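Listed here are the chains, written in short residue letters.
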Amino acid sequence: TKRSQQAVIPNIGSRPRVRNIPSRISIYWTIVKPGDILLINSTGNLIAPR
Amino acid sequence: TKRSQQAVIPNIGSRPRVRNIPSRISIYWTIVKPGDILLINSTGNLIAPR
Amino acid sequence: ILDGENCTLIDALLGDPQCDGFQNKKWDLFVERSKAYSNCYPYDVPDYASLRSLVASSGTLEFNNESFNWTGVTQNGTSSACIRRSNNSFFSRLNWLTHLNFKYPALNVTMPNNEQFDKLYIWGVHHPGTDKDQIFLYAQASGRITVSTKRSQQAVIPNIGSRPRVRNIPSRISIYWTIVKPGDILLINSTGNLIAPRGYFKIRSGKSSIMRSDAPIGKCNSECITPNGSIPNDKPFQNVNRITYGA
Amino acid sequence: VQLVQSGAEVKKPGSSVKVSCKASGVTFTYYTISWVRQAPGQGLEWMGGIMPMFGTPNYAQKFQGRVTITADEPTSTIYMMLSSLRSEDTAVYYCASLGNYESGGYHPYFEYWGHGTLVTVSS
Amino acid sequence: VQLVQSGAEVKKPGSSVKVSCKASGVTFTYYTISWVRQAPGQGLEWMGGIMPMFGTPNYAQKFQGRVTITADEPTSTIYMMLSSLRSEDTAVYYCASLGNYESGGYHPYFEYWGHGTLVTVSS
Amino acid sequence: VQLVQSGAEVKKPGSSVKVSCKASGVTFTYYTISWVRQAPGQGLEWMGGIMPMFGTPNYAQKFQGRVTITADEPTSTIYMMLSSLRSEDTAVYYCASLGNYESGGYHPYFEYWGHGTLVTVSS
Amino acid sequence: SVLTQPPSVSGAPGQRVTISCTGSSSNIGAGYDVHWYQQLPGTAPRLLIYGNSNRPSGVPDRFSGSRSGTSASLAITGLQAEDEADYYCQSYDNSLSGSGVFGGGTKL
Amino acid sequence: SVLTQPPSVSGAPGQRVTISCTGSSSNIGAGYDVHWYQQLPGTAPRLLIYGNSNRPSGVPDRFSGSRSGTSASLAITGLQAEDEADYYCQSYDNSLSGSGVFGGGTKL
Amino acid sequence: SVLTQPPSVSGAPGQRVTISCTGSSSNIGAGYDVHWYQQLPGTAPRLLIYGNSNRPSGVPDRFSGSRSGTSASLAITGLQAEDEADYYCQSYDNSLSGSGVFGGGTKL
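Residues numbered from 1 in each chain as written, not as in the entry; some residues may be left out. Chains lettered and ligands numbered in written order. Part of a larger assembly, values for the part shown. Heavy atoms only, no water. Residues with missing side-chain atoms left out of burial classes, pairs and counts.

Method of determination, as annotated in the archive: cryo-EM, at 3.41 Å resolution.

In structure tokens, the structure reads:
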């Protein structure tokens, strides 16, 4: 946003299987104030908001 | 320094243009106590102190 | 009382050779001296304050060796910065893995917790001071470590680079910890630079704590100990020191 | 880096060899000093090896027992002791520093060479 | 990984085909099982595909409507149903697992093959 | 990006040249606009250069003192002023934008060219 | 079916170089690769080339290939009489699904 | 002007290989590249090679080059009669600014 | 000693290509490299190739090598009469230590 930057790099690797899934989803949040703009640059692995 | 290490990797990417600039500067600080030594290794993108 | 001579709590936890006698010790109050200093491999701890606090509150150094399957790498790594008895050695509780036959296979080691208590695992990441040194030790230029449980993931990427030489070492060791609850499983994937653990610490809850003080230890009976010394507790208030322990 | 080995004239009856090879100004700490011999009339033969900052010097198992490598903190000397000298140990002994490269099938090579002490065994 | 397809002798008048292909011991979870036919006297023809852990099996639009792939949690079976069998569905049906490679113009190839059920339609 | 240079008919006695080259729709902010001349009958000769967002325009030291490049915020014009015109400044002046590539021995090349103003000096 | 394939002839020579050439228009020339699946008679086909140049675990240096522009070609550099089998090429298509275009396969 | 350039001759052959060779001492041989700008008569020049080997968006496989030590050379592998134009080489210099050294350019 | 070495002959030719070939079984063919140490008479040997193809700081383009499968070979492409010296090959071994297998070295 105009005020913040969150840069996340996914980590490929096997984790203990919880209910047969060795992968994980990391959840993040960002707040956008009036007048600001959200901009999502992604080259992969993005679970997009609706 | 003898006591601390700060390793920062810049993130190339476009952000919302604030006053026609799509880039940002991240500011960091380090304290050096008497008897210690500051050491800056940089391979680029360093905004150096004066 | 366990009077910490020359050892800090963290050094006593890792096992710097000068501090070898503090093995499997228990304590109600750990007394740290201001003269303490480290004489092993230079290290830093991210969130040092939290690790120091959590060991101190547990109040035990009970250590159980555990058999990790490190097939394919060299064990019992040793350094000239941490000499025990004029021989090269290392932190007694950490296991420095290096290459074998100039290969460091990708590790994927698992160790289940089938007990009924939590386990505290201490491990570390080595940051060589030169890209040259990185090859000599692990045969792989890059490196990435990822240790996971069912609940947590810690992904650390070592940083090759020269730091100011402290006791002739331009490299550092970063110390990390992970807690494994009953029923969970620790899984360590490493492609290099992993300072492996040799086991787990028991973790308890109780009245233990830690205190910085330079007062000599005495043969007496007093319920509250402060850095100025023990004080009588017959009076309801006191003005000696805001840092206290006991009633 | 420049490796300075010299001396070791003669040691006739028994074990007396000792060589120094004081390395000068080597930057990367986890280096090596690998001792190599060359008998007059025969090629090389790896014979020792050490990392001063690391531990446990390494031998070639054709000399395990009759060799011993050490180091020193203030001076960077690299001391080698031979036990039970025989007529089969007349040669020139070199001390070399290993260098690296990043590739598959990595293998360390002998970057910098010293000059060689002329150990000699005779009546 | 080893793929185990079997059975499917004859289904003459109408829709009765069903094939299983129980995959054994596949490690990476987001794998695939792509069904391929080979009529006797003609080459291959992609006809289906599924990722058991992902959703919505994928078809070739020359069979959309007369085919259906499913899966199962406890057993790793891959059940495929044909509807409205005709004489144009006498062939050998394979089940294969796709593998990867990192390059431009990526395209997944058929790493491991099963053995093939001999579906046959006759009077 | 498209570069729009135009005008500059004649400037006979002294210093009057001024050229604009309004760049259109350049995305990456830290770009360049490097001026290049081509006398009729001779090849190119670098003569100036500027980064509008950066500072301190750069010259060729064969013109230092008799050239001056500036910029503008609202319009993207690149204004260039020549001082003390002589008969040795009859040429065609281009304005080009530099582009990159990642390699050893990096060197920026002239990606996009303008069209060229016909500066002319005559009695 | 969609990919154009040398219909039924590879012209089985002696031990010289034998080449099978497959081509098609855009949706195969839009940047996608080819593979090469040898099919021993009856047995399920075995993979030989992926990504137009690589060789999987367990294929000799006798086989090779290359995609040159808007066409691709297998290249059997060596040859032997125990390698007589079909050869199928896979590619991708952009007819909104078009995944496994195979063709007809050469012979011998 | 600084780079030595084949003065005015490319010796326009038929459709064989034509090569223009440019060279200069250190400050051009200190590790810096060359480029190649063709100039159709009158119109602003068009780029052909950057980094001594690459080809930009929209140049055929007729043009190529290489910097070999302390010299560089364009190599027009093919040729045709509608490509008759100048060819300019850029390099860098270390006379404390020395940016856009070009030369004189060949012909045809 | 362990590595097989062309015993004492390089067959010093004129200015042609001269090749020394060293080979050994597994524990040298298990993926490890070779190097090439030239030894001027008397003076400590000087490194020429590491990793079967590279050349250190200060060796001309006259020397080259390659490990092809379960054998390796130096290749002195050029030749001159002031390069007459030994050539030793290093490899690795897996007899549980086996570090510096050298051999006997060629000549001239």
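A. Up close: the relation of the copies chain B and chain A. If you rotate chain B by 120° and push it 0.0 Å along the axis, it lands on chain A with an RMSD of 0.0 Å. Given the turn and translation reported, the copies of this chain are related as if by a three-fold rotation axis. If distances are taken from each C-alpha of chain B to the rotation axis, the shortest is found for B:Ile9, at 6.7 Å. (Least-squares fit on C-alpha atoms.)

B. Broad picture of the state of the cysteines. Residues and elements named next belong to chain D. By the definition in use, this model includes five disulfides over all chains. Across the disulfide, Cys21 is cross-linked to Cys95 (sulfur-sulfur distance 2.0 Å). Taking the torsion about the S-S bond as the criterion, the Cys21 to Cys95 disulfide, at about 85°, is right-handed. On the criterion of sequence distance, the pair formed by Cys21 in the loop between β2 (18–19) and β3 (22–24) and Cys95 in strand β7 (residues 91–99) is long-range, its members being 74 residues apart. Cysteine pairing for chain C (bonded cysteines numbered in sequence order): 1-2, 3-4. (Disulfide = S-S within 2.5 Å. Helix = DSSP H or I, 4+ residues; strand = E, 2+ residues; numbered from the N terminus.)

C. How the structure looks around the interface of chain B and chain A. Listed by partner, the interface residues are seven residues for chain B and seven residues for chain A. Each residue belonging to the side of chain B that touches chain A can be placed in one class, and the counts come to one nonpolar, four polar and two charged. (Contact = heavy atoms within 4.5 Å. Nonpolar A, V, L, I, M, F, W, Y, C, P; charged D, E, K, R; others polar.)

D. Just unusual backbone geometry, in detail. Phi is positive for C:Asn168, which is not a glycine, with a value near 65°. With respect to the helices and strands, C:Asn168 occurs in the loop between β11 (153–156) and β12 (172–180). A positive phi angle is found at H:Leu108, which is not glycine, with a value near 60°.

E. Just helix α2 (residues 48–58) of chain C, in detail. Residues and elements named next belong to chain C. For α2, the set of buried residues is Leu51, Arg52, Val55, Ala56 and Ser58. The arc that holds every buried residue of α2, seen down its axis, measures 165°, which confines them to one face. Structurally, α2 contributes buried residues whose contacts are with α1 (9–14), β2 (29–32), β9 (119–127), β12 and β16 (209–212). Where α2 terminates, the next one or two residues include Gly59, which has phi positive at roughly 80°. (Buried < 20%, exposed > 50% of the residue type's maximum accessible area, 1.4 Å probe, protein only. Arc of directions from axis to C-beta.)

F. Summary view of the sheet that holds strand β5 (residues 71–76) of chain I. Residue and element names in this part refer to chain I. Here three strands make up an open sheet; going across it, the order is β1-β5-β4 and the pairing antiparallel. Each of the sheet's edge strands pairs with one partner strand only, and the pair in question is β1 (18–23) and β4 (63–67). When strand polarity is set aside, the average angle formed by the axes of neighbouring strands in this sheet is 15°. The pairing of β4 with β5 spans five bridges and is classified as antiparallel. (Pairing = 2+ DSSP bridges. Axes fitted to C-alpha atoms, helices over the stretch in contact; angles between N-to-C directions.)

G. Layout of the sheet that holds strand β2 (residues 18–19) of chain E. Residue and element names in this part refer to chain E. If you trace the three strands from one edge of the open sheet to the other, you get β2-β7-β6, paired in antiparallel fashion. The sheet is open, and its two edges are formed by β2 and β6 (67–69), each paired on a single side. Sheet topology places β6 next to strand β7 (residues 80–82); three bridges connect them, and they run antiparallel. Directly across from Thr68, in β7, lies its bridge partner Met81.

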